[PDB]
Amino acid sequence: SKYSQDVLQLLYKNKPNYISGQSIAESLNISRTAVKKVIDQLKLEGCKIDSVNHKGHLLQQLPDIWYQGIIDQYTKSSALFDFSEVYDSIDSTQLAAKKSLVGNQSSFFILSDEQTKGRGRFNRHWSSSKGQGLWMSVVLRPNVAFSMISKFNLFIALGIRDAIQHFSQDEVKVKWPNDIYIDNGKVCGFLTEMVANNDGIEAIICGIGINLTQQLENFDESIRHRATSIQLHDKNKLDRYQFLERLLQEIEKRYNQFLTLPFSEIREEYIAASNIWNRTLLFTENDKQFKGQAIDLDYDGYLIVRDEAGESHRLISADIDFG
């Protein structure tokens, strides 16, 4: 309905108190009977709303669906983000973000319950199941040189890891430079892109995909053994709204660190949170592949690699597989 988001927002704003049907009706200038119809539909979509005679309605729990009216509250109180766009389905939040950033200096994020053309690094297919993951693109406006893209990627990794770690009883680790793992399971892939020229960055677009509630059966058999979800490591129901709130918190925290701190001030923290050490790694580099060991991460965020032949490498980025 036309007023479903408006009603949902009123319910959300008024927690933990009940709000009467009459008061919603007056707030939105619609009838009591249209308020009731909207609320029945919200409950049908899986909103847990307690309704009590003479008292009104209390929103108790939201379903695994993104609602614009709720997310609007997140951006209203955000010092970072001007707005969000929320979709049930699109080709890709990253395509959408890249179109929406043109011609303005707004900071914003784009969420979709489902992506039909999710793409990771090297245009690889990213599986984006409806109602099972956070598929999001974040657009930010750092006033910095284009070479700073690499350090942004390192800072944001730690924020995403921290947000996920709050909900996982199991160790969450970063694989440099672009993924998050729980044990052998990839729980998140992110990538950082930019629009830029020699005078500076016009926008950062960080595309973030986080598996929230997949069971193992919900991953294609080709990736099942290398994929996992937060829910598979959380004894409690993962609430996607609680999680998003924590994720935006950490993104903002790490973005402000990115603007103010050298990478050397988080380099040790990064190293202790990574899962690339003390193991043979497989590198892909255009048409050639080689094996090696990660020796160090230097003050600039470059990986120091000693390959199979004993030769050292210093890498701004790499395409790394475990085995």
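Numbering starts at 1 and runs along the sequence shown.
As the entry records it, the average C-alpha temperature factor is higher for 214-222, out of 214-222 and 120-128. When the C-alpha B-factors of 234-242 and 180-188 are averaged, 234-242 comes out higher. Listed residues 100, 94, 84, 168 were ranked by CA B-factor as deposited; 168 comes out on top. Reading the B-factor column for the CA atoms of 208, 79, 139, 194 in the entry, the top value corresponds to 79. Compared with the other modelled residues of the chain, the Cα B-factor recorded for residue 57 ranks in the lowest third. Among the modelled residues of its chain, residue 199 has a C-alpha B-factor that falls in the middle third, as given in the PDB entry. Residue-level temperature factors show residue 23 in the lowest third of its chain, judged at the C-alpha atom. In the deposited entry, the Cα temperature factor of residue 67 places it in the middle third of its chain's modelled residues. For residue 74, the recorded CA B-factor ranks within the highest third of the chain. Only modelled residues enter the ranking.
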